[PDB]
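Notes follow once the structure below has been shown.
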Amino acid sequence: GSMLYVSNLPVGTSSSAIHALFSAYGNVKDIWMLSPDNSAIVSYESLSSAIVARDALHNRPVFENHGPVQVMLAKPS
Amino acid sequence: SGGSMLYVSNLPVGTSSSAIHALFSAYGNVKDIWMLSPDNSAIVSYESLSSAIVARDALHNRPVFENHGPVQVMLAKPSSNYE
């Protein structure tokens, strides 16, 4: 699989909202939210999905009233 | 599925994943490590919540590396699973 760290979300963003956003690019297996819900760890089934989602969403303001979201690839070891 | 995630930030520049395992293995069985290079951050997983809490308490806001300011460790909430 692959994994992403997503930050600069609006405070209070729901895991459901993250799932909907990231499900367009792959099969989301798990989401961990970080308090106060302005960042999240997103796990995908396929290696390719994190790369495609990052290309789609990184540095874009996908939420109203808020700046661009940051999407970082989590490099496994 | 399941398990606890720590988001670790303000690592010294050039900190490797092997160094991170060494540091976090003091508090339990590290399950996985991901590096957020080129940023000085990482993600550390433990299967046990109590290991993650103890690690977070021991390391958050602690200058654990020489000649470097305090490392940050944030425990994520329990995950949602979609499988």
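The set of residues from region A:45-67 being in contact (Cβ under 8 Å) with a residue 24 or more places away in the chain and at positive phi comprises just one member, A:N65.
Do we find that A:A20 is assigned to a helix (DSSP H, G or I), surrounded by 14 or more Cβ atoms within 10 Å (Cβ to Cβ) and among the hydrophobic types (A, V, I, L, M, F, W, C) in this structure? So A:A20 does not fit the description; no.
Here B:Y82 clears all of (1) touching a residue at least 24 places away in the same chain (Cβ under 8 Å); (2) within 14 Å of chain A (Cβ to nearest Cβ); (3) of a type in the set (F, W, Y) except the condition numbered (1). Of the residues making up region B:3-45, those that are polar (S, T, N, Q), facing chain A (nearest Cβ under 9 Å) and within 25 Å of B:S80 (Cα to Cα) are B:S4, B:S41.
Only one entry in B:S41, B:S45, B:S51 is touching a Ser or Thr at 6+ places or on another chain (Cβ under 6 Å) and buried (at least 17 other Cβ atoms within 10 Å of the Cβ), namely B:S41.
Is there a residue being surrounded by 17 or more Cβ atoms within 10 Å (Cβ to Cβ), more than 10 Å from chain B (Cβ to nearest Cβ) and either of a type outside the set (V, I, T) or more than 24 Å from B:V73 (Cα to Cα) (or both) anywhere in region A:62-73?
Step one: list which residues in region A:62-73 are surrounded by 17 or more Cβ atoms within 10 Å (Cβ to Cβ), which gives A:69-73.
With the extra rule that they be more than 10 Å from chain B (Cβ to nearest Cβ), the set shrinks to A:69, A:71.
Then keep just the ones that are either of a type outside the set (V, I, T) or more than 24 Å from B:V73 (Cα to Cα) (or both); that gives none.
So far as region A:62-73 goes, no, none of its residues is surrounded by 17 or more Cβ atoms within 10 Å (Cβ to Cβ), more than 10 Å from chain B (Cβ to nearest Cβ) and either of a type outside the set (V, I, T) or more than 24 Å from B:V73 (Cα to Cα) (or both).
Can you confirm whether A:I31 is closer than 23 Å to B:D32 by Cα and outside any helix (DSSP H, G or I)?
Details: closer than 23 Å to B:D32 by Cα: yes; outside any helix (DSSP H, G or I): yes.
Taking the combined requirement at face value, the residue satisfies it.
Only one of the numbered conditions (1) more than 11 Å from chain B (Cβ to nearest Cβ); (2) assigned to a strand (DSSP E or B) is violated by A:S48, and that is (2).
Every residue, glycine among them, receives a Cβ derived from its backbone with ideal geometry; neighbour counts consider all protein chains shown. Values in this text are rule-based calculations from the coordinates and carry no lab data.
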